Each structure stands twice: as C-alpha cells, then as structure tokens.
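Below, in structure tokens: the form deposited in one PDB entry, a single chain.
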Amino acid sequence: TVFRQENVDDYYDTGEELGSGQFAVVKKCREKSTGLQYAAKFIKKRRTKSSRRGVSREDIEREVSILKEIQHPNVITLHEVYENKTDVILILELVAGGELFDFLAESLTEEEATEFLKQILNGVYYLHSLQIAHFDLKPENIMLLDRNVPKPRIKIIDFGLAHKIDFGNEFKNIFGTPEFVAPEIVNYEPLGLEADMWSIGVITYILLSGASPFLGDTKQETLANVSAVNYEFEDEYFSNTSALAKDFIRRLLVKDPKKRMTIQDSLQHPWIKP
C-alpha cells in the first residue's frame, strides 16, 4: 500500500516535539487548510532489505492498517498518512496532556487509579473485540487529554507492536518493554490477546503503589522475574489498598495465559463492575 507523496510541509506546519523513540519522532502540527491540530509521527524507513535500522515496510503497513480500523474515545485515531524516501509520516490525533507516566511521577487513591484503569479497560475492550493485540501497554503509552482536571481522560497510543490475532495466537518476532511483557513474551511462546491483560495487571500495580512489580537491576533480572512470576504486594505500599484491588491484580498476573482474566472478565470483576 502506498501513501500520500506530496511534501507534508505543503499541508502542515510543525511545532513543538511531543515524543521521541528509537525509530520515530512526533511533532505537534497544524493543518493549513483547516487550522486543526494533530500529532505528526515520523517513522524512519529501512534503507536496505537486510538492515536492522529503520522500520520495515511490512511493519509500517501493519501499524497503519490497524490504526485505520480504530475509532474509539480511548484510543488514538489516525487522520492521514504521508511518505517520502526517508519516512512514513502518520498524522495522528493530538493529545496534549502528556504521558500517564509523567503524570504519575507528579501514588493515587484507589478511585483515581480506577478512573484511569476503567478508561484503559474500555479502550482495550474495543481493541480486543476487533482481535487487535496492542503488545506495548505501559504508562508511557497512555496519553492524557488534559492533565489539569481531577479525573484526566486518556487515549491509548503507540501501535508499533500491535497485531491482528486471527487464529487466537501469533508466533512472530514480538518483544516489548521488560517491566511490562508477559511470561509468554519472555519465553518466546505463541502470543494472543492475553499478553495485554498481564500488562494491565502491571499497570494497575504501579498505579496503586508507585512501584514496579517485577523490576530488577538489569533487564535480564526483570525478564527472569516476569517468567517466575516473582512479585509480591509490599505492605509499605499496599497496607491501605483494598484486598479486592489486590485480587484484581492477582488474577491478571498469572503465568498460564488460559487462566488469566480476559478483558471481559476484568470488566465484570467486583473491583471494576459499577
């Protein structure tokens, strides 16, 4: 599939930088014809067939195809795609209140935690209903619309690892951030929608405590901890957190993907269910 090959700068003016990663940089932009504002994600293309640098066309096309499907208040939306020799440029919905990660750096109450978590669950319910596994859920990939309200609204971003799961499981080269990946990822096993549910358990643990459940001193330690389900609820952090909240986490941080709560289970769980 090919994308718009006119110069993006003929149609958009860019401004402040919103985010920066290994192969991508994201800039605020404004569309000249409408005055409407967006986030332009510039993704570096591969220069040769066998290069490890840049993102493969196959990977870019997968991400774009998934993004085009999505329309939901808790997930980022895609406006347009441009490309040139060096980059694919995604014109994405602008979410200006920063990362959940940076907001958290500023411990919540259980209500504040569940207000975020319910939105995340709603977004993931939508995604999983479309058989889309995100595979990179973490506070850095949750953006706030406006961080200056008591109950910020959020959208899930970063579909760079996202895959359609048409056969219940995928078996590809897929591996996200060690603190958040499920044991099946660590062990290079077939992956499904279940991996996201584990990541949600990790996010929930962090929301409530300010601490990461599996984090070791090196990435290898973290990965080994994940695979062994080496986490516990520290009393210093969780002493005034409800046992029902801990139950929710416990049912997500389960090694066997078949025994882990699904997104539907998570919405019916007594901690979440209205």
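By rigid core we mean the largest C-alpha set that fits within 1.5 Å across both forms. Residue indices: 1-based, along the sequence shown.
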{"item": "Deposited-sequence gap flanked by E106 and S107", "value": "1 to 3"}
{"item": "Per the entry, higher mean C-alpha B factor between 2-10 and 263-271", "value": "2-10"}
{"item": "Segment of higher mean CA temperature factor, 172-180 or 82-90", "value": "172-180"}
{"item": "Among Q131, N141, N148, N122 - the residue whose C-alpha B-factor is largest in the record", "value": "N148"}
{"item": "Candidate set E63, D247, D235, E232 [ranked by C-alpha B-factor, highest]", "value": "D235"}
{"item": "Third of chain Cα B-factors occupied by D158", "value": "lowest"}
{"item": "Cα B factor band for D136 (lowest, middle or highest third within the chain)", "value": "middle"}
{"item": "Record-listed C-alpha B factor of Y126: chain third", "value": "middle"}
{"item": "Ranked C-alpha temperature factor of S56 among modelled chain residues, by third", "value": "middle"}
{"item": "Third of the chain, ranked by Cα B-factor, where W198 sits", "value": "lowest"}
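Note that the form deposited in another entry isn't included here; everything after this is about it.
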property	result
Core-superposed comparison between the shown form and the other one - Cα displaced by 2 angstroms or more, from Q131, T77, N169, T177	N169
Yes/no, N187 Cα shift of 2 Å or more between the shown form and the other one with rigid core fixed	no
Direction of the Cα shift between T34 and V149 in the other entry, where the change is 3 Å or more	closer
